[PDB]
Each structure stands twice: as structure tokens, then as C-alpha cells.
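Shown next are two forms of a single protein chain, provided one at a time as C-alpha cells under the names structure 1 and structure 2.
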Structure 1
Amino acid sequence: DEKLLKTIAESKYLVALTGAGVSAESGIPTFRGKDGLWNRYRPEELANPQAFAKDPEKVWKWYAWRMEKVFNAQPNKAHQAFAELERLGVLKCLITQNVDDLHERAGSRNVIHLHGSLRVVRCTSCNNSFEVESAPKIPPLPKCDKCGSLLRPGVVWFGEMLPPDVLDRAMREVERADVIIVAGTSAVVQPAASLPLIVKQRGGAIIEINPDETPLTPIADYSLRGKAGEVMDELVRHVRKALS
């Protein structure tokens, strides 16, 4: 506790990296198993450009379902805790692999979305892009109102480059950080998984919060097991008191 609490409380520029594990307690599967709708594919076999070219209706049906579930979900104790850490001025920037909007919904202000967002729909051809309040019904295939081309979810698919400006911004944030909380990520997906290494390489501390050991665990200064929500809730309660 005390050394961990002190590390967070006394941090000069704390950042965070979150993954699917912080949203499971809102009812959103981690998508480390199967696709969650048919349960016939690995999620990576649908979230890619090859699948979308083969059968855009199938891929859109999956995303429409994903969108509805997220839009109907509520933020949980982990999302609330991260928002509270920003509110208290400890957390400077929240980097997330998640395509849900539950961090924002909990009141997080400075969020970087490495893999885009289910709230965003964009054109496959022109530069048209917009946000949705609710999920489209599939079929029909959603078409761009500006040019008539096929629309797609505003997420980064496996095999696609992260938007250079987004990844660059995340890199600059971890280049400033003396402490990083890495919560609910399996530390497998690149280049996202390389971000905490930058903090360590520059002499900072890594606090891993995850129910299981990961490839990051060997270099994590602290690695906390248990349920993401419960651990983050307890952690922010202690940090708030420590700074009070």
C-alpha cells in the first residue's frame, strides 16, 4: 500500500493506459474469447479489412451490435475511479485501447483513443465523419450521405496503422510521465503494448492493474490482481485521502 500510494500521490505527471478489462464490469466482453454474437469467429477475424471486403454486411451487423451494447452500458467503478483521479489533478492524460465511450461518460476529459471509437462512423472514400447517438440497423449497409460510398465504424482494425497523430500524441504523453497506471490490458496488442515501456526506459514507474499476469508484469513495479473496479475504487479512495 504505502509505497504504492506514495508513488501515485507524489507523481508529477501520471498517465494511464487502459484496455478491455476495465469495461467488462459494464457488461462489455473483453473480446479475448470469441466474437460474442455468433461466437463463431475470433474478434480479430471480424475486426479487419479482409473480413470487411468479403462481407461488409456481416462485419456491420457485428459492429451495430457492439455499438448498441456499449451505448446502453453504464460506466463502472473503474471508469469512475479514473475520472476521479483526473478530477483530483493526479491523472494528466488517459490513453485507452478501448473503442467504448465509458471513460468519457464517467467524466474523463483528456482521453486518447488509440484504436478509435464506436461512437464514430466514417466514409470509406471521402473525408466525411460523424458521431452517432444510437446504433444503425443492418441491413441496409450504411451509405455516406455526401458521396454514397460505404460507411464503416471509426475504429482501427487489426492490420491497419493507428492514425499517426494519435499514436504520436500518446508517445509524447508517456515520454513525459514519471508514473503510468496500466489497467485491464493483456499487453499483447502492438503498438499499444509498447507505451508503458517508454515510461520505464526513462526511469518512471509502472503500476499494473490486471486480474492476470501479462507480458508486462516482469517490469511492473507493482502488479495488482483482483477485479478492476474494486481495485481502482479502493486505490482512488486511498489516493484521495493521501492528498486531502
Structure 2
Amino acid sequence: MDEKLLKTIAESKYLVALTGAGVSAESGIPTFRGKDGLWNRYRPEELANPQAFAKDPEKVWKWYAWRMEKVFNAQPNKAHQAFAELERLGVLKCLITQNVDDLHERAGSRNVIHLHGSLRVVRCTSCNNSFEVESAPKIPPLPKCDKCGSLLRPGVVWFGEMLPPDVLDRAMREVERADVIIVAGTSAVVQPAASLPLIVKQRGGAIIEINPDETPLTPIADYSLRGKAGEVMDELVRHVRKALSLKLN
């Protein structure tokens, strides 16, 4: 939290952010990897891939319905609140997230790109049709599409599946013009999301990493803050807001 970092943020021309599961950990939602990560307790091979869904849609749906309830009942934390505020202040231009929760939105963030989909969305496996839900469905029975008599599935991106072209292209455009990118709460291993911060660096921008652990991105991060996103972002945005308020205008 040195003056150099604060200056980089407060004076940025087009700051964007990329967030991962770590930004929602302080909301009581576990992450995917690490200590008590979901992929350490559960097997992604039976829950997060098209083959697993086709093999046992009931098992996959029961798990996602559980995750949905957990997310819908959770509250945004200080990190989510801080990103929303950084956007309100006119500093953060776009928030790109790998998270399938809607905590960024519930905290007030407006320009959000969901690279991996959302637990709020459910769609048909047959016809190209989707819609959002207010609460989690009960499983069984299997959620069915009332547009062609087929199965509905969680509107999230599974391993091996292609991220929607329009979504990734938009995110790509955002990082192509960003001069600063805050990368918070992500392990930087899952592609193509992990490649986004590299674009910023290759084009001449700065990377500000926020994570209690070091990651594959750490070596090229201009700044790498070892701490929880809630604490770090709250302090960072408060200092940025203060700095901006001091400007003679």
C-alpha cells in the first residue's frame, strides 16, 4: 500500500479487474482449490463436465442446486463492496469475473463480464434458451425445458466447454485497452482466463495481484499484495477515494 501503488491506481486511464473465487471466500463461500477447496472435497470429473451431466444429471443437479442455495443466501463482502465503489468513483471501468456467484452484482457492480457463466442462469441443453432463477430448484425432479421437452442445465461453463465467444471477446477488448489490471482471488491456472492479465502486461500495462498465496502470475505482477481481498481492497479503495477527493478542481 505504498504511494507508488496508490498513484498507479488513482491516476490510471483505464483500470479493469479480473476476479476469482477468492473474492467471495469472505462471504462464506469456499473456493475451488487450496485448503478446503471444492475440487479437493468433490471430484470435478463427476460434477463439472458435459460427460458427467449426461451420465447422471440428477447427481450433477443436486450438487449445483446446493451451490445455488449457498450463493443466493450469502451476502456480498467488503471486497465486492470495494469493487463496486471503485467503479462508482469512475476508476474501475470493467470487472471481469470467473465467479458464478452474483455477489459482485448484489454489491452494486454494473459493468460485469461473467467468463464462466452464472448460477443465476439455467438453460436448455437442446434449444438455445435460458432464463434466471430467484431461488434454487428442488432435485428431484430434473428441471425440464418448457420449450421443447428436454433437460435444463446450470448456466455455467464446465471443463472442456467453450466460453461464449462474445463474452471472451468482450473481456479481451477490455484488457487490450487497460493500463492497469487488479487480479484478485484467482489461482491463475485455469485458461483462457489466466491469460487475460498477460495481455495487459504485454501491451505495456501494470498488474496488481491480490491473493494470500503466490500464483503463476506473481513473477510478472508489478504489485502482489499478500492478504485477503476484503481487507486489501477496502483499504485500497478508501485511500484512492481520499486521494481523488484531495484534487483541486
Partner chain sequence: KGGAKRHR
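Rigid core (definition): largest C-alpha set, two forms, superposition within 1.5 Å. Shifts are known only where both forms have a C-alpha. Counting starts at 1 with the first residue of structure 1 and goes up one by one along its sequence.
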Which number, 1 or 2, marks the form solved in complex with its partner chain? 1
Which listed residue, 69, 58, 42, 200, is the one whose CA shifts 2 angstroms or more between structure 1 and structure 2 with the rigid core aligned? 42
Aligning on the core only, does the CA of residue 33 end up 2 angstroms or more away between structure 1 and structure 2? yes
Once both forms share the same rigid core frame, by what distance in Å has the CA of residue 148 shifted between structure 1 and structure 2? 1.2
Consecutive-residue runs (3+) with Cα displacement of 2 Å or more between structure 1 and structure 2, core aligned: 33 to 45
